[PDB]
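**Student:** Please find one structure pasted underneath; my questions will follow.
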Amino acid sequence: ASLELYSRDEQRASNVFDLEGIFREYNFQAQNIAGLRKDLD
Amino acid sequence: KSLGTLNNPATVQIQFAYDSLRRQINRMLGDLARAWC
Amino acid sequence: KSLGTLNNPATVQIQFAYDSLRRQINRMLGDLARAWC
């Protein structure tokens, strides 16, 4: 039989710092700010 | 969709060790049985 | 405190292969010894 202790997802989820969450939200906020600062029609 | 590969490159080699040792022992038993006959 | 698990899922399966092959060979030796007796 085929067995494994820690799967790929388990090792990926064992990180406190979520890079995807940090950068996606930061870029979203800056893009929204650049709209009001400029002509938002 | 995709097939769920597991990062265990040792299972295939363990199977070969058991399979290889099984083939030779069974051949020795057949040779011994003929002599006893 | 915690127990120090090692990421080696192959040690348990190697032990089974040795243990399984040991059990059958020892049974064959016992059967052969009875016939020789």
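Letters A, B, ... mark the chains of the structure tokens in the order given; residue numbers begin at 1 per chain; ligand numbers begin at 1, in order shown.
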How close does each residue of chain A get to chain C, giving the shortest atom pair and distance in Å to one decimal for every residue with an atom at most 12 Å away, counting only C-alpha atoms, sorted by chain and residue number, as CSV?
**Tutor:**
residue,atom,partner,partner_atom,distance
A:1,CA,C:13,CA,8.8
A:2,CA,C:13,CA,9.4
A:3,CA,C:9,CA,7.1
A:4,CA,C:9,CA,5.7
A:5,CA,C:9,CA,6.0
A:6,CA,C:7,CA,7.5
A:7,CA,C:7,CA,10.6
A:11,CA,C:7,CA,11.3
**Student:** Write the residues of the preceding selection, restricted to N, CA and C atoms, as a PDB file, in the first residue's frame.
**Tutor:**
ATOM      1  N   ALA A   1       0.826  -1.193   0.000  1.00  0.00           N
ATOM      2  CA  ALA A   1       0.000   0.000   0.000  1.00  0.00           C
ATOM      3  C   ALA A   1       0.869   1.254   0.000  1.00  0.00           C
ATOM      4  N   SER A   2       0.294   2.346  -0.494  1.00  0.00           N
ATOM      5  CA  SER A   2       0.990   3.622  -0.590  1.00  0.00           C
ATOM      6  C   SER A   2       0.489   4.551   0.507  1.00  0.00           C
ATOM      7  N   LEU A   3       1.411   5.051   1.326  1.00  0.00           N
ATOM      8  CA  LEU A   3       1.079   5.943   2.424  1.00  0.00           C
ATOM      9  C   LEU A   3       2.087   7.080   2.469  1.00  0.00           C
ATOM     10  N   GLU A   4       1.670   8.190   3.070  1.00  0.00           N
ATOM     11  CA  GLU A   4       2.560   9.321   3.288  1.00  0.00           C
ATOM     12  C   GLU A   4       2.154  10.018   4.576  1.00  0.00           C
ATOM     13  N   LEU A   5       3.133  10.648   5.227  1.00  0.00           N
ATOM     14  CA  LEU A   5       2.877  11.291   6.512  1.00  0.00           C
ATOM     15  C   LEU A   5       2.257  12.671   6.330  1.00  0.00           C
ATOM     16  N   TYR A   6       2.981  13.580   5.685  1.00  0.00           N
ATOM     17  CA  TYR A   6       2.516  14.942   5.458  1.00  0.00           C
ATOM     18  C   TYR A   6       2.343  15.161   3.963  1.00  0.00           C
ATOM     19  N   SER A   7       1.146  15.577   3.559  1.00  0.00           N
ATOM     20  CA  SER A   7       0.862  15.831   2.157  1.00  0.00           C
ATOM     21  C   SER A   7       1.446  17.176   1.739  1.00  0.00           C
ATOM     22  N   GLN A  11       2.207  20.770   4.203  1.00  0.00           N
ATOM     23  CA  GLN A  11       3.446  21.536   4.283  1.00  0.00           C
ATOM     24  C   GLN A  11       3.253  22.961   3.784  1.00  0.00           C
TER      25      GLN A  11
END
**Student:** Give me the least-squares superposed chain B (reference chain C; all C-alpha atoms paired in order) as a PDB file with N, CA and C atoms, in the first residue's frame.
**Tutor:**
ATOM      1  N   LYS B   1       5.756  20.418  25.450  1.00  0.00           N
ATOM      2  CA  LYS B   1       6.600  19.369  24.892  1.00  0.00           C
ATOM      3  C   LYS B   1       5.870  18.615  23.787  1.00  0.00           C
ATOM      4  N   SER B   2       6.630  17.908  22.954  1.00  0.00           N
ATOM      5  CA  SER B   2       6.049  17.158  21.852  1.00  0.00           C
ATOM      6  C   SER B   2       7.001  16.040  21.459  1.00  0.00           C
ATOM      7  N   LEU B   3       6.458  15.060  20.745  1.00  0.00           N
ATOM      8  CA  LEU B   3       7.235  13.941  20.236  1.00  0.00           C
ATOM      9  C   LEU B   3       7.769  14.256  18.843  1.00  0.00           C
ATOM     10  N   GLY B   4       9.039  13.926  18.621  1.00  0.00           N
ATOM     11  CA  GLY B   4       9.744  14.328  17.416  1.00  0.00           C
ATOM     12  C   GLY B   4       9.530  13.448  16.202  1.00  0.00           C
ATOM     13  N   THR B   5       8.383  13.590  15.541  1.00  0.00           N
ATOM     14  CA  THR B   5       8.094  12.779  14.367  1.00  0.00           C
ATOM     15  C   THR B   5       9.066  13.088  13.236  1.00  0.00           C
ATOM     16  N   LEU B   6       9.564  12.035  12.593  1.00  0.00           N
ATOM     17  CA  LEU B   6      10.444  12.152  11.440  1.00  0.00           C
ATOM     18  C   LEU B   6       9.655  11.889  10.165  1.00  0.00           C
ATOM     19  N   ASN B   7       9.933  12.678   9.128  1.00  0.00           N
ATOM     20  CA  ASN B   7       9.218  12.564   7.858  1.00  0.00           C
ATOM     21  C   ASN B   7       9.871  11.486   6.992  1.00  0.00           C
ATOM     22  N   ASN B   8       9.793  10.253   7.488  1.00  0.00           N
ATOM     23  CA  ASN B   8      10.304   9.077   6.783  1.00  0.00           C
ATOM     24  C   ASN B   8       9.220   8.010   6.797  1.00  0.00           C
ATOM     25  N   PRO B   9       8.283   8.055   5.850  1.00  0.00           N
ATOM     26  CA  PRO B   9       7.172   7.096   5.864  1.00  0.00           C
ATOM     27  C   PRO B   9       7.541   5.745   5.275  1.00  0.00           C
ATOM     28  N   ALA B  10       8.833   5.513   5.047  1.00  0.00           N
ATOM     29  CA  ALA B  10       9.288   4.282   4.417  1.00  0.00           C
ATOM     30  C   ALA B  10       9.832   3.257   5.400  1.00  0.00           C
ATOM     31  N   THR B  11      10.221   3.676   6.605  1.00  0.00           N
ATOM     32  CA  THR B  11      10.822   2.741   7.552  1.00  0.00           C
ATOM     33  C   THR B  11       9.838   1.653   7.962  1.00  0.00           C
ATOM     34  N   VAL B  12       8.570   2.014   8.161  1.00  0.00           N
ATOM     35  CA  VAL B  12       7.584   1.035   8.611  1.00  0.00           C
ATOM     36  C   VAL B  12       7.332  -0.012   7.533  1.00  0.00           C
ATOM     37  N   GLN B  13       7.345   0.396   6.264  1.00  0.00           N
ATOM     38  CA  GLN B  13       7.060  -0.551   5.193  1.00  0.00           C
ATOM     39  C   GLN B  13       8.251  -1.465   4.923  1.00  0.00           C
ATOM     40  N   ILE B  14       9.471  -0.966   5.127  1.00  0.00           N
ATOM     41  CA  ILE B  14      10.647  -1.822   4.994  1.00  0.00           C
ATOM     42  C   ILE B  14      10.641  -2.897   6.071  1.00  0.00           C
ATOM     43  N   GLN B  15      10.213  -2.538   7.282  1.00  0.00           N
ATOM     44  CA  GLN B  15      10.161  -3.513   8.367  1.00  0.00           C
ATOM     45  C   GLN B  15       9.153  -4.615   8.073  1.00  0.00           C
ATOM     46  N   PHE B  16       8.017  -4.265   7.467  1.00  0.00           N
ATOM     47  CA  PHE B  16       7.020  -5.277   7.138  1.00  0.00           C
ATOM     48  C   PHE B  16       7.547  -6.260   6.101  1.00  0.00           C
ATOM     49  N   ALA B  17       8.291  -5.764   5.109  1.00  0.00           N
ATOM     50  CA  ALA B  17       8.825  -6.643   4.075  1.00  0.00           C
ATOM     51  C   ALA B  17       9.792  -7.660   4.667  1.00  0.00           C
ATOM     52  N   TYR B  18      10.659  -7.215   5.577  1.00  0.00           N
ATOM     53  CA  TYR B  18      11.574  -8.140   6.238  1.00  0.00           C
ATOM     54  C   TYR B  18      10.820  -9.099   7.151  1.00  0.00           C
ATOM     55  N   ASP B  19       9.849  -8.581   7.907  1.00  0.00           N
ATOM     56  CA  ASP B  19       9.102  -9.425   8.834  1.00  0.00           C
ATOM     57  C   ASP B  19       8.250 -10.449   8.097  1.00  0.00           C
ATOM     58  N   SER B  20       7.607 -10.037   7.002  1.00  0.00           N
ATOM     59  CA  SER B  20       6.772 -10.964   6.247  1.00  0.00           C
ATOM     60  C   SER B  20       7.602 -12.077   5.626  1.00  0.00           C
ATOM     61  N   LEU B  21       8.750 -11.733   5.039  1.00  0.00           N
ATOM     62  CA  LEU B  21       9.587 -12.750   4.413  1.00  0.00           C
ATOM     63  C   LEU B  21      10.237 -13.657   5.448  1.00  0.00           C
ATOM     64  N   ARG B  22      10.467 -13.150   6.659  1.00  0.00           N
ATOM     65  CA  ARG B  22      11.052 -13.980   7.706  1.00  0.00           C
ATOM     66  C   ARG B  22      10.076 -15.049   8.174  1.00  0.00           C
ATOM     67  N   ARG B  23       8.793 -14.701   8.276  1.00  0.00           N
ATOM     68  CA  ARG B  23       7.802 -15.635   8.798  1.00  0.00           C
ATOM     69  C   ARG B  23       7.626 -16.847   7.892  1.00  0.00           C
ATOM     70  N   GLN B  24       7.623 -16.645   6.575  1.00  0.00           N
ATOM     71  CA  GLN B  24       7.403 -17.743   5.642  1.00  0.00           C
ATOM     72  C   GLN B  24       8.619 -18.650   5.500  1.00  0.00           C
ATOM     73  N   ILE B  25       9.827 -18.085   5.504  1.00  0.00           N
ATOM     74  CA  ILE B  25      11.028 -18.909   5.383  1.00  0.00           C
ATOM     75  C   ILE B  25      11.175 -19.817   6.596  1.00  0.00           C
ATOM     76  N   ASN B  26      10.930 -19.283   7.794  1.00  0.00           N
ATOM     77  CA  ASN B  26      11.034 -20.093   9.000  1.00  0.00           C
ATOM     78  C   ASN B  26      10.015 -21.221   9.027  1.00  0.00           C
ATOM     79  N   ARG B  27       8.846 -21.029   8.419  1.00  0.00           N
ATOM     80  CA  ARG B  27       7.858 -22.095   8.333  1.00  0.00           C
ATOM     81  C   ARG B  27       8.270 -23.171   7.338  1.00  0.00           C
ATOM     82  N   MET B  28       8.914 -22.780   6.238  1.00  0.00           N
ATOM     83  CA  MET B  28       9.408 -23.762   5.280  1.00  0.00           C
ATOM     84  C   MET B  28      10.508 -24.621   5.889  1.00  0.00           C
ATOM     85  N   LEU B  29      11.389 -24.012   6.685  1.00  0.00           N
ATOM     86  CA  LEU B  29      12.465 -24.765   7.323  1.00  0.00           C
ATOM     87  C   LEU B  29      11.907 -25.802   8.290  1.00  0.00           C
ATOM     88  N   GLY B  30      10.855 -25.443   9.025  1.00  0.00           N
ATOM     89  CA  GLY B  30      10.239 -26.399   9.929  1.00  0.00           C
ATOM     90  C   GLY B  30       9.611 -27.571   9.200  1.00  0.00           C
ATOM     91  N   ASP B  31       8.968 -27.305   8.061  1.00  0.00           N
ATOM     92  CA  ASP B  31       8.370 -28.382   7.278  1.00  0.00           C
ATOM     93  C   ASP B  31       9.437 -29.304   6.705  1.00  0.00           C
ATOM     94  N   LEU B  32      10.556 -28.736   6.250  1.00  0.00           N
ATOM     95  CA  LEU B  32      11.632 -29.551   5.698  1.00  0.00           C
ATOM     96  C   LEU B  32      12.304 -30.390   6.778  1.00  0.00           C
ATOM     97  N   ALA B  33      12.432 -29.844   7.989  1.00  0.00           N
ATOM     98  CA  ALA B  33      13.078 -30.582   9.068  1.00  0.00           C
ATOM     99  C   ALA B  33      12.258 -31.799   9.476  1.00  0.00           C
ATOM    100  N   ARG B  34      10.929 -31.680   9.442  1.00  0.00           N
ATOM    101  CA  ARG B  34      10.075 -32.814   9.784  1.00  0.00           C
ATOM    102  C   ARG B  34      10.230 -33.943   8.772  1.00  0.00           C
ATOM    103  N   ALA B  35      10.296 -33.601   7.483  1.00  0.00           N
ATOM    104  CA  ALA B  35      10.442 -34.622   6.452  1.00  0.00           C
ATOM    105  C   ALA B  35      11.780 -35.340   6.571  1.00  0.00           C
ATOM    106  N   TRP B  36      12.851 -34.597   6.859  1.00  0.00           N
ATOM    107  CA  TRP B  36      14.160 -35.219   7.020  1.00  0.00           C
ATOM    108  C   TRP B  36      14.188 -36.139   8.230  1.00  0.00           C
ATOM    109  N   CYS B  37      13.436 -35.794   9.278  1.00  0.00           N
ATOM    110  CA  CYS B  37      13.391 -36.631  10.471  1.00  0.00           C
ATOM    111  C   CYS B  37      12.797 -38.000  10.161  1.00  0.00           C
TER     112      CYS B  37
END
**Student:** Name the residues of chain A that fall into alpha helix (DSSP H) according to DSSP on the backbone, using the chain letters and numbers of this document, as an MDAnalysis selection string.
**Tutor:** chainID A and resid 8:12 19:37
